Every structure is written in structure tokens, then in C-alpha cells.
Amino acid sequence: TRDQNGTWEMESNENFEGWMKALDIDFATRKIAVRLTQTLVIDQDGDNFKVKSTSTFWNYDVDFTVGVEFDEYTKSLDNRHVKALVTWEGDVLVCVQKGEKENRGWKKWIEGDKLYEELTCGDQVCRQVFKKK
Ligand SMILES: *C/C=C(\C)c1ccc(N(C)C)s1
């Protein structure tokens with residue numbers, strides 16, 4: 001199941017604060033951001049993806065082509081330069097962001113009408129579940 005198209009509304013969020021701490025996000029931002037429900041909008045056509053992560057506090061958008069490395073500035077998240085690559089491991093979409101932080105990236109996959117996400121950085125893992133709206 002590779003079709004991740006849709007507007008995805010958060011149902012569950014685990015260890016989001018630990019992931020933000022691993023990125024060195026400042027105290028004030030974390031305390032506010034950890035409270036918030038997230039939305040994920042994914043536009044997927046072949047290898048081309050357009051991903052938007054939103055809350056009332058942020059809007060993080062990235063476009064990429066599966067299998068094509070891209071240099072990336074992580075902008076309002078943590079203002080770092082990484083070399084990013086998104087690929088398929090079966091039906092798990094896997095992103096690796098090479099740079100200052102170890103084990104940095106994410107994984108997304110579908111189960112039923114839900115989208116599961118792992119956000120990793122350092123020794124931290126944030127687990128999220130979204131429902132298709
Ligand atoms: C596929 C998920 C992303 C590209 C995300 C970028 C920032 C996120 N959060 C702050 C939750 S998710």
C-alpha cells in the first residue's frame with residue numbers, strides 16, 4: 001500500500017518532545033509545540049511528492065522526488081543544512097537526512113485508512129498516527 005495521498009489528521013503523538021529536544025529546539029518553542037494537533041497534507045504522483053506539515057504554530061513544506069538526492073535547509077524547524085533522500089523499503093517511505101545529527105529522518109506507511117509516521121533524530125523516536133480525512 002504505497003498511496004499516501006490525502007489530508008491526514010493527527011490521532012496520536014508519542015515522544016514529540018524528545019524528538020524536538022534532539023534537534024535542540026528551544027524550550028519556549030517545545031513547550032508550545034508539544035501541545036498541538038498536527039495535520040499532514042500529501043500530494044503524490046509517481047515519484048513526485050509535495051508534503052505539508054501544519055499546526056497552529058508551524059507550516060513545514062517539502063517537495064521531493066523519490067530516489068533523487070536533494071540538498072535541504074530545514075528552515076523554521078532547526079535551521080540546518082542536510083542532504084536528504086527519500087526511498088521505498090517495501091511500502092515504507094523512508095527519508096534519511098545526512099548532516100550534523102545522527103539517525104535523522106522519518107518513515108511513513110499506511111495501515112487501512114491511517115498513516116503511521118516515525119520521526120527520528122539521535123536516539124529519539126517520535127511515533128504518530130493520522131486518520132485520512
Ligand atoms: C513526512 C513528515 C515530515 C516531512 C515532517 C516535517 C516536520 C514534522 N513535524 C514538526 C511533526 S513532520
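Start at 1 and go down the list; that is how both ligands and their atoms are numbered. Throughout, numbering of the chain's residues begins at 1 and tracks the sequence.
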Kindly compute the distance separating CZ (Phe130) from CG (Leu40), expressed to the nearest 0.5 Å. 5.0 Å

Could you identify the single nearest non-hydrogen protein atom to atom 12 (S) of ligand 1 and state the distance to 0.1 Å? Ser53 OG, 3.8 Å

Side-chain donor-acceptor pair present, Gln38, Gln128, cut-off under 3.5 Å: yes

Testing the 3.5 Å rule here: is there a donor-acceptor pair between the side chains of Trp58 and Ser53? yes

Starting from atom 6 (C) of ligand 1, locate the nearest protein heavy atom and write down its residue, its atom name and how far away it is, to 0.1 Å. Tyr60 CD2, 3.4 Å

For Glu117, counting its heavy atoms only, list the atoms of ligand 1 lying under 4.0 Å from any of them. 1 (C), 2 (C), 12 (S)

Distance to 0.1 Å, residue and atom name: give those for the protein heavy atom nearest to atom 4 (C) of ligand 1. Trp106 NE1, 3.6 Å

Restricting to non-hydrogen atoms, name the atom on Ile25 and the atom on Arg30 that form the minimum distance, rounded to 0.1 Å. O-NH1, 2.7 Å

Ignoring hydrogens and geometry beyond distance, is a side-chain donor-acceptor pair present between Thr65 and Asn48 at under 3.5 Å? yes

Which heavy atom of the protein is the closest neighbour of atom 11 (C) of ligand 1, given with residue, atom name and distance? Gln38 OE1, 2.7 Å

Run the numbers for me: atoms of ligand 1, each under 4.0 Å from some heavy atom of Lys108, listed by number. 1 (C), 2 (C), 3 (C)

